[PDB]
């Protein structure tokens, strides 16, 4: 149930992907297993930053494993009090508060990595906060059993897909693009949002499709209630699949304007989106 999605964007692989896999394995064993899928974010960073600087990718691998680990505790949490404690610990860790807690150690290493461009780091922290606020809002909706529209959902969901976060990390993984990333955010935020918004919407749809019991915070179930005519799960999937292709077309059009501002940054965003989708499909 729920089909492969054919991204408009190529899935390209860093030359040193086999180094990425073996690093992901060793580092997971050492710093995370004491508290599986997580190491397979080795192969994944390799297809997110194919024109990245290999020397930046082990740090990125560690950051993403730690992020995936903690988000698993958040998404798998019943009550707001627990989720609030983890999210606030996440953000104080992203902001450099020291910790000797293996739930947070790899996260800390990534966010305190001295090679960050300083304004890229601030961008990354601010977007991580948007991700966390997104997760808190969605949990509260599921607990309240609040019926919201698809449109309300997707606007909340976009930061919580981590697409915008992975786009900010482009500046760390591919440091030749750090300056263009800062520039576009300071000078053309509207154009930037025309790219990132359909990206988060398409990938949020893809994510929700790929986990077909989360009834008020899955866009498939949400559209089931919103729909003007009764639809079953299979018909709701069909439509949201149609929506995924529509948002990707909107994103690609927006990337043509970004590309005249920065061809390099526009290509790196394409590669993040196409590697994300390539990997989700490949983990069939």
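Numbering follows the first chain given and starts at 1.
Count the deposited residues lacking coordinates between residue 212 and residue 213 and you get 4 to 9 of them.
Count the deposited residues lacking coordinates between residue 35 and residue 36 and you get 4 to 9 of them. The mean C-alpha temperature factor is higher for 36-44 when 224-232 and 36-44 are set side by side. As recorded in the PDB entry, 134-142 is the stretch of 198-206 and 134-142 with the greater mean C-alpha temperature factor. Reading the B-factor column for the CA atoms of 72, 117, 113, 127 in the entry, the top value corresponds to 72.
For residue 27, the recorded CA temperature factor ranks within the highest third of the chain's modelled residues. Among all modelled residues in its chain, residue 216 ranks in the highest third by Cα B-factor. Ranked within its chain, residue 160 lands in the lowest third, by CA B factor from the PDB record. Per-chain ranking of the deposited C-alpha B factor places residue 250 in the middle third. Residue 11: CA B factor lies in the highest third for its chain, per the PDB record.
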